[PDB]
Every structure is written in C-alpha cells, then in structure tokens.
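One structure is given here, and the rest of the page talks about it.
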Amino acid sequence: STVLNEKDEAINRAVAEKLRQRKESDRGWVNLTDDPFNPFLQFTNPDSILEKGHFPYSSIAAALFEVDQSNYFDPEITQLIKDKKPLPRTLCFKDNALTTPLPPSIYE
Amino acid sequence: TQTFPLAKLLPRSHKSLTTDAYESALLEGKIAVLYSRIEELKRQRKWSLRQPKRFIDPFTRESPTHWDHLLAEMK
Amino acid sequence: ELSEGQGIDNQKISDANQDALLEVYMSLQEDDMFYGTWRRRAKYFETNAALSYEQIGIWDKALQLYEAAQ
Amino acid sequence: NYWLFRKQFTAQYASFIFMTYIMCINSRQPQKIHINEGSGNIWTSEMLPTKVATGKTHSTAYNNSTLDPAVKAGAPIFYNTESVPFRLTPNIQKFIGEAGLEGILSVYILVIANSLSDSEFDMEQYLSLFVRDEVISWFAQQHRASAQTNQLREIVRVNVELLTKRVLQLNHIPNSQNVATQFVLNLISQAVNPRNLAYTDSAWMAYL
Amino acid sequence: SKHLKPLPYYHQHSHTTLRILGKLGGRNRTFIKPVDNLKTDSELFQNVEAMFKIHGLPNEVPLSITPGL
Amino acid sequence: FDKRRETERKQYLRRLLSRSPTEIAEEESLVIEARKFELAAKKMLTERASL
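Residue numbers (the deposited numbering), protein chains in the order written: chain A, 431 to 538; chain B, 227 to 301; chain C, 2644 to 2713; chain D, 3618 to 3825; chain E, 906 to 974; chain F, 310 to 360.
The following block contains the structure:
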C-alpha cells in the first residue's frame, strides 16, 4: 500500500509545481498554457476512423480532426467549465416549467 | 509522465510486451517533446498565448455616456 | 470478458475475476494458461522467476527462488 | 471450440516461430503461412533459408581463426536480413491475447529450444549433411563456382557452429539471477517494436 | 468415455468400462492429442437468420431460425 | 500605472504580430496538437497506470 502514498505525493508535487508556476507567471502576465479550455477549440468529428486506439497517436488519423471556429473565453467562464457548475445564462425547460440549470454533458 | 517515464521500464521488462506498450511509450515521448518545445518558445518570449496584462481606464467602465446609449439604439 | 479491458477504478472486481479464472484454470489442469495468468498478474520479480522456472519443469531452482522470496 | 482453437493456434504458432527463427527464414509474407481451421496446425510453404555473403554483412564468424585462407572471404553464412527476427504482427498478438503471450508462446519456444539442445540429441552431427547440401546448392546457383574439399569442410563447420549457437542462446542460463525465457522475451520485444516492425517491405504486410 | 456415468446409469456397463480403461495402463491416454474435429459455424447449421417483429422491440430483429433443425 | 510597462507591452505585441509566417504556423500547429493530446488524457492516464 506504500504505492498509494507514492501516487498521492506525486500528485501533491505536481499540484505544488503548478501552483508555483501560476504564481510566478500570472504576476504581471496573462498565461493561458495551464488553462485547458481557455483557447477553446470546436474540433470536427469525422467518422472515417473506426478502431479508435490511442487517438493522440496516428498523426495522419488525428489530422482528420480539423479545428473549426476557434474561440477565447473569459476566465470566469473557463472556471465555470471546470467542475460541474452550469453556464451563466443557461435556461433549462422541463414539463413547461423552469428547473435547476444543468451542467454540460461530458463526452469522450 | 516525466515523474517516471516508460522508456526506462521497457528495456527492463520481465513480462511479454505488446504493441500497445510501445504505443503508450511513443505517446508519452510525444507529450514530453511537445511540452519541451512549448517551454522553449515561451522562454524566447515568442508565445502568443502569453501576453502582458493591459491597463484599464477607471473612468470608462463606471458610467455610461450619451454616445454609448446612442450606440445601443444604433445596434 | 471482465478480466481485461476495465478501468483503474475496477481493480478490485478485476482482481476477483482473475482469482475466479485462476480457480477454474487450476481445476481443469490447464496449468499453462494458469502459470501465464499468474506471471502476467504477479508484481514481484521473485514470483515471476520462480513460476517460470517451475512451468519449464526444473524444480530445485524454483524451490530456491521461493526460498529467497520468503 | 474457440478456446481450444486459440490454445492450439498459439502452440503451433510458437512452433512455427521457432522453426522460422532457427533457419533464419525471411520474407514470411502472409500468403505463405497456411493455417488450419479445424485444428490449430500452422505450416508455411516455400521454406528456403536465406544466405548472404560475408562481404555483405558484419558477421565475424569466419574471424575466429578459421583455417580458411584470407583470400576466400566471400563464403556464405546464415543471416536474417529482415529487421524483425520472426513474424509477429499486432493481429496475432490481439488474437492470442494478453495472457497467452506469457502462458503458451514463450514457454513453448523455450521448451522446444531446451529439448533440441545437446540433451542426448546433439544437432552437431545431424546438421552437418544438410548444411553441406545447402552450401553446395548456394555455390552452384549463385557464385557459379566449385568449392574444393577443405574449404567446403570449413564453411560447413562454421555454419553448423553458428546454427547451434543460435539454438543454444535460447536456452535458459544455469544460474537463476533472472527469469527463464529471458532471451525469448528479448526476441519478442525486438519483434514487436514498431520501429523494427515498420522498417520492412510492403509485401510483408506488417499491418496484418 | 461416453458410458462413464454414475449409479443412475447401468451399473455393469460403467464398471466394465472402468475396468477396461484401468486395465489398459499407460496406453489408455497415449492417444490424447490436440482436437482435430472442431466444427465451424458454417457446419452445425445455425447461421441462417430470419426477420422477426417483436412487440417490445421497436424494429425488426434478425433472430436465428434453426435452433432445433 | 506606469508608462514604461505599456510601451513594453505595445512593443511586445508589435513584435509578435511581425513574426514570420512559418513561426506562427508552427505555433498554431503546436497549439492544435496540444489540444488533440489534451482531449484524450483520461484514457492515456488509465493505460499508463495499468502498464
């Protein structure tokens, strides 16, 4: 079970280094490398690829994922994208009545 | 990936390998080289995603002038 | 079907499934796949080496490896 | 039926891998390895060991103080020009399965190589006549020359020693500092490497 | 091997078969070899299908039409 | 505020906007490939853990 401690201390080191990087970079500069969703990309979804094994690899196969409509987001919107908070102006309707706003679905 | 790379383990293997293990090793190598190139570009201050914060005029953001209402009626 | 192709969170059920499959393999005396499944699943180097030496057929060296492991 | 077929197919594929690797047979294109569909028997046609002149390789077999005169350094030798030692594509790996590669394939290769190595059946006597016939055929067909007796004896001896060394290296080492089948695992790791798998002829059809 | 069954089966036949198999010695299992009579899906005719309509299912489902042929 | 920082900011922005087509194409390709590797982090992490 010491492997669990090894894994958790690895996570702790990773998050501590991320924190130090963001504190050293954000002071006087705007860094978007750490944010995963801020340079938002609406990738295409071709159906030619079928096996779907190690999608990042197979550069030719991954080249079918042509990016369309690139966009930038307000940092608060990116923060809302993280976690499961709903978007600001979402309107969810069910049985001709308003319900609690829904978070975006998560797809692979 | 760099806390313990797979390219150290693969030569030292004691169990049967598979194409998938080499797939994962090549993928993590690509991760490493991409991050290295990203850091090299950032160091040279040639990275578009990293820009200095811009100054904001305190007066403009507070109150709406007549021209801005006229531009709302515009749109 | 459940022994392979499962997520990291499914390690407990995967381990139980492998244990059941090893029971069945031992019962049928299909010891080759039995030794293969242990050598794939086992973590320690001593277990792997001893199991391989036992499967090949030489027993004294397997005994020595188990001695060292214990 | 499917499970029994998979087991027998893996066993016979281990036998076929050993058979191909020992005599350095290459160009095992997927239209030459006939496979049964009732049993798992695996047999390949067009079995011709590949021979290349010493000048066109880095082999140092003739350099161990052979009695062959230094003028005659173009004698043939068994060699595997293909980058991958034995044919093992991703499809066979997926069919055999994660467990099979350690359960049956490697263990059976080790068992065969252990049985056929100087254990009251020493190949040094058997391989001599067939290596002599192979060498005389190679000389007659390629070099278009006649080999005199002593040079033929030296070439046969060198090839027999090389073949028996290839067979003997697969045997598990007497000491137990490492797991058995370790050399077989090294060969499998070489054969599955995508860098080695890609660097091959298109007719070899590595993707299947 | 087909006759080797417990007490509900005929007693004399099972005991005689046991005596035959035991009395042979090491020659009773020297015949053991990898199976060679495996039957594909094409043989043992079951691949034939037929379009059927099911109340629960929304659309037609291709069942196999030869379970008991 | 500070006037020096901005001239530095404006000079930096002009320098980035004046880059050669090859360099900015490389930057765009790096971002695209980074996001492509981003989209499949979970499967890669699980496979690495299993291995």
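Where a beta carbon is used, it is the ideal one built from N, C-alpha and C, also for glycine.
Item to complete: State the Cα-Cα distance for the pair residue 3721/D and residue 3713/D, rounded to the nearest angstrom.
Response: 9 Å
Worksheet item: Can we say the region 474-488 of chain A touches the region 348-356 of chain F, given the rule of at least three CB pairs closer than 8 Å?
Response: yes
Discussion item. So residue 2653/C contacts chain D; which residues on that side make the cut at Cβ distance below 8 Å?
Written reply: Under the 8 Å cutoff, chain D gives no residues; its nearest Cβ is about 16 Å from residue 2653/C.
Worksheet entry | C-beta contact flag for residue 3808/D and residue 3707/D at 7 Å | no
Worksheet item: Could you give the distance in angstroms between the alpha-carbon of residue 3628/D and the alpha-carbon of residue 3657/D?
Response: 8 Å
Worksheet item: Helix, strand or coil: how does DSSP classify residue 3670/D here?
Response: strand
Worksheet item: To which residues of the same chain is residue 3710/D closer than 8 Å at the C-beta, ignoring the five residues directly before and after it?
Response: 3718 and 3809
Discussion item. Give the list of continuous alpha helix (DSSP H) stretches no shorter than 4 residues that lie fully inside the region 473-536 of chain A.
Written reply: 489-492 and 505-511
Worksheet item: Hey, is residue 326/F's beta-carbon within less than 7 Å of any beta-carbon in chain B?
Response: no
Discussion item. My output table needs one value for residue 934/E: the three-state DSSP class, helix, strand or coil.
Written reply: coil
Fill in: Short CB-CB distance (under 7 Å) between residue 487/A and chain B
yes
Item to complete: Give a yes or no on whether the C-beta atoms belonging to residue 3727/D and residue 3784/D are separated by under 7 Å.
Response: no
Worksheet item: residue 348/F by DSSP, collapsed to three states: which one?
Response: coil
Fill in: Cβ neighbour criterion (16 or more within 10 Å) applied to residue 539/A
Coverage of chain A is limited to positions 431 through 538, which leaves residue 539/A absent and any answer about it impossible.
Fill in: Within 7 Å, strictly: CB atoms of residue 3839/D and residue 3803/D
Because chain D in this structure spans residues 3618 to 3825, residue 3839/D falls outside the shown range and cannot be described.
Worksheet item: What does residue 276/B touch in chain A if you count any residue whose Cβ is under 8 Å from its own?
Response: 455, 459, 460, 461, 462 and 463
Fill in: The beta strand (DSSP E) enclosing residue 956/E, as first and last residue numbers
954-957
Worksheet entry | Contact with chain E by residue 3722/D, beta-carbon distance below 7 Å | no
Fill in: Same chain, Cβ closer than 7 Å to residue 902/E, five either side skipped, listed in chain order
What the structure shows of chain E is the stretch from 906 to 974, and residue 902/E is not part of that stretch, so it cannot be assessed.
Worksheet item: Looking only at its own chain, which residues have a Cβ that is under 8 Å from the Cβ of residue 953/E, when we skip the five neighbours before and after it?
Response: 969, 970 and 971
Practice prompt. In the DSSP assignment, find the unbroken alpha helix (DSSP H) run with residue 970/E in it and report its ends.
Written response: Here residue 970/E belongs to no alpha helix (DSSP H), and DSSP marks it neither H nor E.
Worksheet item: Residues in the region 496-510 of chain A with C-beta within 8 Å of chain F's C-beta atoms, listed in sequence order?
Response: 497
Discussion item. What residue range does the alpha helix (DSSP H) around residue 3770/D cover?
Written reply: 3766-3786
Worksheet item: Straight-line CA distance for residue 253/B to residue 261/B?
Response: 12 Å
Worksheet item: Would residue 939/E count as contacting chain D if we go by Cβ distances under 7 Å?
Response: yes
Worksheet item: Is the shortest distance between the beta-carbon of residue 242/B and the beta-carbons of chain D less than 7 Å?
Response: yes
Fill in: Inter-residue Cα distance where the pair is residue 3772/D and residue 3686/D
12 Å
Practice prompt. Provide the residue(s) that pair with residue 333/F in DSSP beta bridges, ordered along the chain.
Written response: Partner(s): none; residue 333/F has no beta bridge.
Item to complete: Return yes when the Cβ of residue 2681/C is within less than 7 Å of the Cβ of residue 2664/C, no when it is not.
Response: no
Fill in: Alpha-carbon spacing of residue 2709/C relative to residue 479/A, whole angstroms
49 Å
Discussion item. On the DSSP bridge list, what partners appear for residue 3661/D?
Written reply: 3650/D
Discussion item. According to DSSP, residue 276/B sits in a beta bridge with which residue or residues?
Written reply: 461/A
Fill in: When 454/A, 532/A and 488/A are compared against residue 523/A, the one with the closest alpha-carbon
532/A
Worksheet item: So, are the CB atoms of residue 3796/D and residue 2653/C less than 7 Å apart?
Response: no
Worksheet item: Between residue 3777/D and residue 3660/D, what straight-line distance do the alpha-carbon atoms span, to the nearest angstrom?
Response: 25 Å
Discussion item. Going by the DSSP bridge assignment, what does residue 3695/D pair with across the sheet?
Written reply: 3668/D
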